[PDB]
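All remarks here apply to the structure that follows.
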Ligand SMILES: C[S@@+](CC[C@H](N)C(=O)[O-])C[C@H]1O[C@@H](n2cnc3c(N)ncnc32)[C@H](O)[C@@H]1O
Ligand SMILES: [Mg+2]
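Chains as they are written, first to last, in PDB author numbering: chain B, 1 to 406, 431 to 1205; chain D, 1 to 117; chain C, 1 to 117.
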């Protein structure tokens, strides 16, 4: 709640200040329309006053209004508004902070009054404050107090007198002579609805005790605009508003204490400064050679006045405070008067730069406050701070460089052309070193002329000081650079900014913090330190490979802390991972850095772990990072792994990319079940239009994921008309390996036979014509712990690309081939036991003989045998590899996962619920058996031959096939329509034929036992048990309730058997085979399935209603309930018959070459779940 | 609370006791006049706690499909539909065995004429 | 058998993971394509066991009243209505926070584009 007050107050204060300033501007005579063009009204001089619009001023504001107008035209209206608003806000906050601590001379509160709310303590002791601030008018002010009125005028006069007094102390914030801001100050400052009330009483009193309130004010003042301008291309004016943040203190201490204190302790090894700093990290150990080199390069003595610190992005000024503390400690240790230290520190030890004026003002105020915290004679003596903000240099005034005077002109014209665009680039500009002394001398001359001289010279010097000052600051060499670079990627790509980035920073053009890193290195001196904190994505990416290559052969690492995620107080940044590091500017290849790993913790835990110095890795040289391909900074690896990585060959150009259609995949891609098998190329040769394609899906090893086809007729003329790359044309239709590019769990490779195409998502590997290696050996190597660990280490993002895979190691052996072949055979046998594969042959349960229970037990035993055999096989591959290279690899994540459908954990989840898993498996098996029975009834399969029997189009050629004798044990239906109701009226009832199927397969003696077993098995998981019912009733209930849903789930919303339903009440339901539908199908349905049903309903209603009227009884209401539903069924069936008769007149012809999704919506509201499949509501007639 | 173990058997027993009390209080002496009694017995038997309803629906003895389409409420709430289903199931189960109580009451009250004295 | 303990939080976590898998596999690049990616993510999230469905509705995080009258099935089975309610709640919750994953994937693919090479 402490920061909640500031969070709730700051944006409202900003809005209120902006409203006040825009209202004052509009009253003055300046306004902007919706479009944005200025509305500068014409000034009228009636006489002795002015006539801006309908307002008057005493003729003394004309030059100031002209200056405001000329500022409005040369830049943005909103820019001026924002500048004035935050200037006044900062001035008021500074006054409040200074008066709460009692730093004012007169010792009276200005904005408040103790123990009396809504009161001021300056309206009673008027003479004292008047003589302290404005003596000459003192007496006159007293007269005002005697008037009993003009209180607001007196308060306004007194308040403006404080700023003029404070101008001398801090010129960067207050002005003495008349300025424009005085015209923008709001009126009625002493009323109950003024703007000062919020600042005075909305914030608590104890929040001003510390000095960290400045950072909160800096951060929370711009939050709304930051949130508004994030999701677009940020322009130059909004750059500061999008990259402003606050930094926690312990990180700053860690950065500062290891860059300045390290140098001081290197010069003097036994200084008493060691115990003052708690985040200092000692060197581990060094070889004699590097020790001798370091001793040779180390200087002997250093004086405190020759230490330079630069902050390229000041912001709030948090780093400079810590630098001040350390330098004060050093000065005290050396021996100096305690009253002379802050002056020297602020004079010749601290420098800074920024792009915004608000940050400069806040940083200067914070530095001055910290200095005054330990001194009193300060603030009364003229002290210059070298903290400035960059500004444009588009001004070449005739008066300057002509009237200013009384060789250098060449220097001035050379240095003034570098800042033609400085509000966009910032601190990335470079100034030659050789122009340092001349710039210093010119700046000294300008300082001298700023006091002695006429008005013209003084004005010219005041105009020219900032450019020379910033050039001199930027053209100097430092020995410590500490910064927190702003973050901005490919969205904030202004044309000029990105053109400059690509022209000047080719190796780090992908972001901004990398450019800041390179420029900071270029801005340093010999034997200097560079300490920073930035984001993690520069050590484990291929886009920064050149940067890492250039960094590892010219600099030396000293210390690094790997913070990870959830740092920065959890202020958003859920996908922001950060690191902190210190790097020296010299070169030494045999140096041992010190690393910390704080990735998995919380902020307090991370701070405590760093304070106690846990999780330390200091057993790796610096050259060893070059042995791993790509040169990633992996500090947690071991020496044996790195050394062994270079003893084996790597894959060459065997890895290639797949094709890529530019779009519209809904017209080229289909699933295999929904097309005719004559056109399928995999089976049924003679005419090929669809070919199998590999795209890559979930995790699976050695075989599987065969569920798509693509249209590639005539070598591709429909696909070639569209803009498709079709990469690697000559490598198609060959066997090899395949792997998924963008995964989420791990790395795996699968075997790919002939007659396949590979896509961009799933890429392929092909062996050479006569290569020494074999594809089976490669498959064996790629599915081991070694390769999995290496792939996890190299690319943590799990985005394995062809360039990444082109450098994996390979091992040559002989047993690996046969082991891989056995594993492939096992996986294929596991995959080919379901209906959703075009190599499905026969159901497993009907192979055995006896009872259903015996077959189920044998099936379970077979699955367990496969699982155990594969588990045993996978062990020898790992055992053999670990003998080639003499070390062992730890097991983590899913390195011990068997990807088979025989393993229940893989196909049901990680949860251990074996009690429910032993029932779910049984229910699923029985459901699959029933589905196979229905398929046999329809005609897709048969009990005589194996595989698909009929899957052509239009029900043509079926008569000849049936007459040949394909179905003789279990005949198939002739019409192709299966009724599904709750009576035995029809001879095609599904339950009767299911019973016939069971009787035929498993004999006659134990028919009842088998039916009881099936009925018991269904009720475990699929449906809810009932009180008393037979097996046939349960079968019928399952068929009518939960068969459509299971079928629709199995085929993934691409049904093969289409369901025709009457509606809410089950008056009429039927199943139709998609591959046996022609234009004369609905006519048969209406003619000989609906009309007899209507006649039966009429007869039953007439018969039943007759007997109840004749004879009644106490429990005769049951017959009434039975008769009630028949009327509703009859009416619904009549309506459905009318609709079906309307739809059947037009002979609809369907085309299987188009998808199920398109064709499912041509029958109106005659089908079921049209919206769940097509995606849009059915259209009514 | 949430961990409520209420079954359909308890509801049926409570409804049966209420029906017996109602038939004893009202003194109905005809077979076709039991509709009001069974309606009253079934109305004041369904629970109101949502946890109890969800525990009853998962118990043994009650199915999950309506038999009459006219008893479906027309609303956007789901508690009402479950309550209607429970009410219909109770009505059917109680109307299954209702003549025994009536004839037992009649034969018991026949033995208290006292010859109109 | 008839006893289970599944909460709405497990269903939501499963739906979140499946949504991430779908957006990764299908390479979604625009907001309007998210709809289907969400829809499928809901489809493989509603349990089919009646005990699990009844236990979910008694957990914390899901209301007991429909918001849109156009998502109520016209059937006589009570399982469909509960499944539709769960589907609607999951759809609303997932669409509430979905742009984060999309923009994260977009910025990652922009980072590893490698100048379209
Ligand atoms: C994230 S803030 C860091 C503030 C400060 N280092 C701290 O921790 O309190 C980054 C600052 O860099 C400044 N900045 C942004 N772009 C800049 C540029 N191109 N050149 C110089 N400074 C820039 C912004 O004004 C912003 O305040
Ligand atoms: Mg038929």
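Here a beta-carbon is modelled for each residue, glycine too, at the ideal position from N, C-alpha and C.
Going by beta carbon distance, what residues of the same chain come within less than 7 angstroms of residue i, once the five residues before and after it are set aside?
| i | result |
| --- | --- |
| residue 782 of chain B | 682, 718, 762, 788 |
| residue 240 of chain B | 355, 356 |
| residue 20 of chain C | 101 |
| residue 328 of chain B | 341, 345 |
| residue 592 of chain B | 248 |
| residue 126 of chain B | 141, 142, 145 |
With a Cβ-Cβ cutoff of 8 angstroms, do residue i and residue j count as a contact?
| i | j | result |
| --- | --- | --- |
| residue 1161 of chain B | residue 1078 of chain B | no |
| residue 569 of chain B | residue 513 of chain B | no |
| residue 1197 of chain B | residue 1181 of chain B | yes |
| residue 480 of chain B | residue 473 of chain B | no |
| residue 1054 of chain B | residue 1090 of chain B | no |
| residue 729 of chain B | residue 694 of chain B | no |
| residue 834 of chain B | residue 673 of chain B | yes |
| residue 470 of chain B | residue 390 of chain B | no |
| residue 843 of chain B | residue 922 of chain B | no |
| residue 850 of chain B | residue 893 of chain B | yes |
| residue 919 of chain B | residue 812 of chain B | yes |
Does the Cβ of residue i lie closer than 7 angstroms to at least one heavy atom of ligand 2?
| i | result |
| --- | --- |
| residue 997 of chain B | yes |
| residue 1013 of chain B | no |
| residue 62 of chain C | no |
| residue 921 of chain B | no |
| residue 1002 of chain B | yes |
At a cut-off of 7 angstroms, would you count residue i as near ligand 1, judging by its Cβ distance to the nearest heavy atom?
| i | result |
| --- | --- |
| residue 29 of chain B | no |
| residue 318 of chain B | yes |
| residue 924 of chain B | no |
| residue 746 of chain B | no |
| residue 243 of chain B | yes |
| residue 246 of chain B | yes |
| residue 240 of chain B | yes |
| residue 508 of chain B | yes |
| residue 356 of chain B | yes |
| residue 451 of chain B | yes |
| residue 312 of chain B | yes |
| residue 315 of chain B | yes |
Please list, in chain order, all residues of the same chain as residue i whose beta carbon is under 8 angstroms from its beta carbon, the five residues on each side excluded.
| i | result |
| --- | --- |
| residue 72 of chain C | 66, 81, 84 |
| residue 3 of chain C | 51 |
Looking only at its chain, what residues have a beta carbon closer than 6 angstroms to the beta carbon of residue i, apart from the 5 residues adjacent to it on each side?
| i | result |
| --- | --- |
| residue 89 of chain B | 17 |
- Near-chain C residues of the segment 1044-1074 of chain B (beta-carbon distance less than 7 angstroms), N- to C-terminal order: 1045, 1048
- Below 7 angstroms between beta carbons is the criterion; list the residues of the segment 943-976 of chain B that meet it against any residue of chain D, in chain order. none
- Task: Pull out every residue of the segment 495-514 of chain B whose Cβ sits closer than 7 angstroms to any Cβ of chain C, in chain order.
- Result: 513, 514
- Contacting positions in the segment 1086-1104 of chain B - beta carbon closer than 9 angstroms to chain D: 1088, 1089
- Task: Output, in sequence order along the chain, the residues in the segment 748-780 of chain B whose CB is closer than 7 angstroms to any CB in chain C.
- Result: 766, 768
- Query: Going along the chain, which residues of the segment 1143-1158 of chain B sit with their C-beta nearer than 8 angstroms to a C-beta in chain D?
  - Reply: 1145, 1148, 1149, 1152
- Mind checking the segment 53-80 of chain C against chain D and listing, in chain order, the residues whose C-beta falls within less than 7 angstroms of any C-beta there? 54, 57, 58, 64, 65, 66, 69, 76, 77, 78, 79
- Task: Could you run through the segment 28-52 of chain D and flag, in chain order, every residue whose CB is less than 8 angstroms away from some CB of chain C?
- Result: 50, 51
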